[PDB]
Structures are given as C-alpha cells and as structure tokens.
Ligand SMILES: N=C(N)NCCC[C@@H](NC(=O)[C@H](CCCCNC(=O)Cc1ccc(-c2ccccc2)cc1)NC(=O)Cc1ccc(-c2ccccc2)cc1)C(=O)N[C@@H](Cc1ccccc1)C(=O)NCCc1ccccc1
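Quick setup: one chain, the form deposited without the named molecule, written in structure tokens, and binding and motion questions come after.
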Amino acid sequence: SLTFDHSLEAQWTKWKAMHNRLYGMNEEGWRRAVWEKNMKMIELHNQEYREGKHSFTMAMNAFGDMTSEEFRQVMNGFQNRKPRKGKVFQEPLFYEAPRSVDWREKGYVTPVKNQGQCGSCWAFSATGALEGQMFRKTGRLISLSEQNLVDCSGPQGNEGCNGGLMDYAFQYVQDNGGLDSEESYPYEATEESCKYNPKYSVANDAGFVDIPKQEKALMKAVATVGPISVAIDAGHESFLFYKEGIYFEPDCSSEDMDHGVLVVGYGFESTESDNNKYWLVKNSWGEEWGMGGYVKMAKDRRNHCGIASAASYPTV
C-alpha cells in the first residue's frame, strides 16, 4: 500500500471517467500516484503565483497520469536540425511593424486540433502554416490533412509518430504536387500506408522561406506574412500543465527545442508596474489545454524557449 490522499479520492474517480481511462494489471495504483504528485505540483505553482512569483497559472488536464519523461518520449517529436536552407526572408524596405497582431480575427486560422498520443506535432505546425498561406492567396480557409503527411512523407526524412521536421513536410508537398483535405483523409493518430489521392488535393507549395534567428525579424515576418511555423522547448512540467497568462520558465533552453507549433500573432499587457510582451501561439494538444488550446509565450526575453531559432513558412 501507499499513502494515497483520501481527500482526492472523488476527484481521481471523476478524472479517470472524464478521460476514459482503462488500466488494470497493477497500473491503476502507480498511475494514481503520478497523478497525485502532479496535482501537488500544480497546487504549489498556483500558490507561488498568488505570492507574486509567476506570470501564469497551471491546471490539471488529460496528461495528469503521465510523467514528464513519458510525455516527452511520446509527444514531442521535432528533430531540431536544418538539413537544407530555404529562401532568404527579405524584410520590407523602411518598415515598422504594428504594436500587436492577431491573424485569427482575419480568417487565417482553423479551429484547434489534437495530435493524440503520437509525435506528429511537426505535421500540425506545417498544415497550420500552409492553411494561412492558402488563405492569403485565395481567400478560402480549408483544414488540411496531417495524416497525409504522417503516412507519405517518409521519403523526405520524416518518421511518422516518431518525429520529423516542418521543412520536410513543406518539401513533400512540393515533390508530391499537392496535399489532401482533412475531410477526405482524416487523422488516425498512428502511422499507416500512404493513401494520397490527387483528386482530393486542395493545396500546393513551391518550397519554404527561412526567418533569421532574431525576434525583431520574426515580428516583422509575422506582421507581413501571416502565421509562421516555429519550434520551442516544451519539455517542462510548467508547460505540460499551463492554463493561462504569459508563459516564462527560468529553465527553458534557446538551443534545445523539441516541439513544433504555430505563431499566429503577438502583443503586450501592461500595468503601472510591468508584465510585458508575448507571442500568440497555437498548440496541437486540443482545446482543453491552455487558453482554448493557445498559449502566450514571453517575447523579447533573450529568445525564450528558442521561439526564433527554427522559424519558416511555405511559398505558395
């Protein structure tokens, strides 16, 4: 036996139900212990927040019974490499970007998606950037297939649920001459045989453009292009259970990134004191995570979590 907290009994039971957990064997006991440890950690963070020590709060979610190490292995699939250079981003002549930008309100972004238990984040970051560029070009927003990328981009260097790169996904669309719609080739959250059919293709691209490793450059790119694919260090428990506010983690790395996401804007928050700037980011862990699936990440704080280190978008 172990010292399970009797006052958490009801919550544990309801949590398992709301997330349809089926354990058995011996697993229920140790999963409950992982969940209770995560719960205490969330409570400590929020207490410290009330004491003025953090700029964001945390909350229990569908990842409650997982260790950070287990989560990182199953979920975070960005390879953190740059095999081939893309086009050079040419900043506009004598241009100053607006103080805030939100592409969601301009019709460039589809609803939040969920990668499930698969390291396919690279695919979601890629379709998000392509969706924005197709909208810029045609005025039509259509959700694209991540499954198509998972199943068919092996030749380009991607490895399905084991990881990949957004740049490899962009290269596949060019090589292949198209990409099917989400509707015609739905997500299964597992690698299967390629089933690409040109009859249902609704997008195309002719390469990709790279953004320099500078937050000022990334701000100008977001302002003049639309949503941009980026990668960040999402391996900390503070990120796994993020709820709301501006995310800032002292232990984040600007060199070691493992999760591909999408920057859809940027902005600021102010008081007589201070809080400051942020990047508006769309995640692929469903709507129950963070702010309806989004997170505000610290901006202009020495490339926090490597947000400006692996940025690029597709040429349509």
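The first residue of the shown sequence is 1; numbering continues from there.
A second form of this protein, the form deposited with the named molecule bound, is not displayed here; the remarks below concern that form.
message: Given the pose of the named molecule in the entry with it bound, superimposed onto this structure around the site, is the binding site open or blocked (3 or more ligand atoms closer than 2.4 Å to backbone or C-beta atoms counts as blocked)?
response: Judged by the transferred pose of the named molecule in the entry with it bound, this form is blocked (3 or more ligand atoms within 2.4 Å of backbone or C-beta).
query: Is it true that 217, 220 and 315 each have at least one non-hydrogen atom within 4.5 Å of the named molecule in the entry with it bound?
result: The answer is no: none of the three residues contacts the partner (heavy atom, 4.5 Å cut-off).
message: Contact with the named molecule in the entry with it bound for residue 257, defined as at least one heavy atom pair within 4.5 Å: yes or no?
response: Answer yes; at least one heavy atom of residue 257 falls within 4.5 Å of the named molecule in the entry with it bound.
task: Classify residue 278 as contacting or not contacting the named molecule in the entry with it bound by the rule of any non-hydrogen atom within 4.5 angstroms, answering yes or no.
output: Contact with the named molecule, no.
- prompt: Is there any non-hydrogen atom of residue 168 lying within 4.5 Å of the named molecule in the entry with it bound?
  reply: Although the named molecule is absent here, residue 168 would touch it in the entry with it bound, with heavy atoms inside 4.5 Å.
query: Does at least one non-hydrogen atom of residue 234 fall within 4.5 angstroms of the named molecule in the entry with it bound?
result: Looking in the entry with it bound, residue contacts with the named molecule include residue 234, since a heavy atom lies within 4.5 Å.
Heavy atom within 4.5 Å of the named molecule in the entry with it bound - residue from 112, 118, 101, 246: Residue within 4.5 Å of the partner: 118.
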